[PDB]
Every structure is written in C-alpha cells, then in structure tokens.
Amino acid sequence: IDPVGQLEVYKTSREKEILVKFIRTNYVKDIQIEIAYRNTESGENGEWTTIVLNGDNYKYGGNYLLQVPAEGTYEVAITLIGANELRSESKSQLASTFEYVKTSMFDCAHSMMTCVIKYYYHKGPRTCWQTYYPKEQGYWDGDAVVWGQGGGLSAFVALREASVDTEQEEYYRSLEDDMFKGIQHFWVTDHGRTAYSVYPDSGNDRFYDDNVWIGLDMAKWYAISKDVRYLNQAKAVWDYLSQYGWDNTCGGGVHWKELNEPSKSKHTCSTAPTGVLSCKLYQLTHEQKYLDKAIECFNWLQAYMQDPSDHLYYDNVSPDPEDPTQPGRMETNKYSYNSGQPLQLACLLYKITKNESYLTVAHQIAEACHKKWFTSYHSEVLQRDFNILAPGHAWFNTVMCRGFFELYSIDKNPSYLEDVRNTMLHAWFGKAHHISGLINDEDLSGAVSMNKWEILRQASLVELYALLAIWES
C-alpha cells in the first residue's frame, strides 16, 4: 500500500484546531485514510486519537480539520489502509494550536494599540490623538479635545506599564517624550490658572473632570518611570481641583465647567476620580492633605450622590437656589464610570485606612455595577457563557472597570474580572473586531456594525486590554 504523497498540518484562526492537508501520490480505489494525532507531551509511547475516512471521498487527498482537546503541540500521522487492513507507511508532521482563554491580553493591547497609533496618532502638527478614524478635519487639525486626548493617554500609560519586562518595553518608553509633549499642549494658562483646557490654547472651555483624568494617568505614569514631571502634573491637577474645583456648595463635591461660562453643579465624574487621584497621591507621597481630600470626596458622594435603593451613583446635583450649601436639583442618570470610580475610591480608602466600612461599601457597589452594566451572554466564537459588558460607552465602562481591578487587589476574587476578560476575549475573536483592527465599541458582542470610531472609545479598549494584562501579570 502506497502512503500519502504529502502531509502538511497547520494552525488555524480557531482555537484547538489543526488543519490537515494531504496529497495522495495516486488515487487507489477502496483505500481508507487514517488520521491520527497525539499531544507531543506524551512522548513516543503516547496513545493516539484516530479517525478513519473513506478514501473515495478524498480521491487525490484533501483536507480535514482536527478539533483537539487543548492548546499544545500535536503530532499528526496519516496512514493509508488497504484490504485485509494492510497499512502503508505512516507520515507525521507537528503543529501547534492555542486556546482562546490562554490569549495574552498584553498581545491584544499591543496589537490594537499599533492600529490606534497608525490611525489616530500624530496626524497634524502635534504628537496628539485625532478624534476620528477615518480622518476628519474640524478644529485643531482634527485633534481630539482633551477628554479624548486623555483617553489616548490612559491607553498609552497602561501599555507603558503593561509592557515593562516585555519585548515592547523599549518601544513604549520611546514614545514617552512625544506623548508627554502632546498632552502638554493642552496645559493652558488662562485667567491666572494653568490647567488642561479642552483645546490647546487660551480662550477655550475648561472642565474639572477633563483635568482629573489626566492627573490620574500622570500619577500612574509617575509610578512606572519615577520621572517627577508626571508627578508634578498629577500634583498640579490636584491643586487645581482643590483650590478651584471644590467648595461646600451642595455640601461639597467638585465642580464641572470652569471656563468659559462656569457651571454651579457638583458632579460624580469630577468628585469620585478626584478622590481616587487623592488616594494615589497619598500613596506616592504620604502627605496627609491628599488623604483628607479623598475622605471628603468619599463622604460627600455617600451623603449626596449614592442612591440607597441600588448603591449606584447619580450624575450631578445643583445647588438649592435659596441656600446653595444645600443640594437642589438632581440629575439621576446612572453611568457606569460614576459608580466604578466610587468603587475604586472605596477600595483605595480601605487599603489606606483598613476601615472595613470602606470594603463593605466597595462590595455593595461592585455587585450593583455588575448587575447593571453586565448581562448574561453566550459567545458562539468562544463557545462559553459569561456576563458581557452591555452595549454602552466603552470609556465609561473601562473607567468603571478600574474599580473592579482595585477590588480584586483586596479580596482576590476574580469573578467580576473574568466577565471583563471574557468580554474582551469575545471582542477580540468575535464580530466586534473590525477588519481595520479597530473594535466596534458600541456593543462588544459584535451585534453593531460601525464605520467610524473615536479615540476616546478605541483608546478605552486598548486600556482595558492592558489593564487585564497587568492583572494577569
């Protein structure tokens, strides 16, 4: 019995799969095709898993997809079998395959960031991020407002951290000076105050929350590199939030719009991350003023902004007109990041103070966030069920997830983060992963086609892959 003329085996795009391609030297009638495999870990005495095919359905050879039990390298042997079970010589080849669940989150973060940089980074005169891909014009050569720049910065800083001790450490380090120079174009002196304006010139609007996001990532960046220019930006942002953002109208809390026409409302989205930033600066410096502010932020959020019925946080409160120290009209809409930042804050305060009441609060918020913003899902590509991040603002959701990473740091319970990780695995291998290399961020299940993507949302997803990588590490 003549053997197969050729055998080649290949990894495919799907997990736990080996594509077997074979050529029959000549077609012989009534020949059976035995395809056998074994994981090479068992050695030469390892048992084979075998299937026998009718050669009349593979007259000149063909291909067959082997579904194997796990990631690994496999020996695949083809033997042709004639009458009286007379076996030809066997031919063998090795191939390796993978499991989706063993995907490197870092490799996802880096591969997506390569796309995000390619499509958004340094397209005009500044080493800054474009708002949109595909290219659009508008103000400032299409560069994003500082909120969007900050989303890009969060992604960059998370990758700078996640790439430490990897092949990409040098590359992300390489980018630091231009990343810093780019965001600093938005560090604007206007009306005797220097802070991050929406666009890189005086005369623009300026928001306290825009600033806190940058401050947070400057604090994170400082912890990686120990370059005090990052610490000084985090400190300067905190000083601005403290001196100008905070007052005791509505009982406390941080303002929203500083310029050009100031707001009077107090917002979770500037107060909660101000508390987080205060925690981070306390951990870096041990200076009590930071911890005092963190506690003030938390206490105000608990007293005024948390709905006792579901543990989730309202948007913003405006002052009572007749006594602005008292709360007035409440905007009750609940956004993910406005409960995930209080979660992160509660977790940091627990770690700093060891007061168990902060952890009790944290667990309540985490459960409420998981109930509200995740939903039971079956991933066809992953062949697995989990609670996917429901359709929504990807940057809000990544900012929320920061609180879940913070909570894991305390209790080491991976349940919530496994849902986050499976969401991102599904976003990587499922239909949300667009052929451009961007992700259809409106709905990570893949149900929503997109043809235009913005940096704040794309960068959010790079960030989340990188946060998952840091968590894995």
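Just count from 1 along the sequence shown to find any residue number.
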item	value
Higher-scoring stretch by recorded Cα B factor average, 462 to 470 or 2 to 10	2 to 10
Of 451 to 459 and 15 to 23, the one with larger mean CA B-factor	15 to 23
Most elevated Cα B-factor in the entry, residues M218, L389, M112, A77	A77
Top Cα B factor in the deposited entry, candidates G245, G151, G403, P321	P321
For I439, the third of its chain into which the C-alpha B factor falls	lowest
Chain-relative CA temperature factor third for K59	highest
Third of the chain, ranked by Cα B-factor, where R421 sits	lowest
Position of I410 among the chain's modelled residues by C-alpha B-factor, lowest, middle or highest third	middle
Ranked C-alpha temperature factor of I352 among modelled chain residues, by third	middle
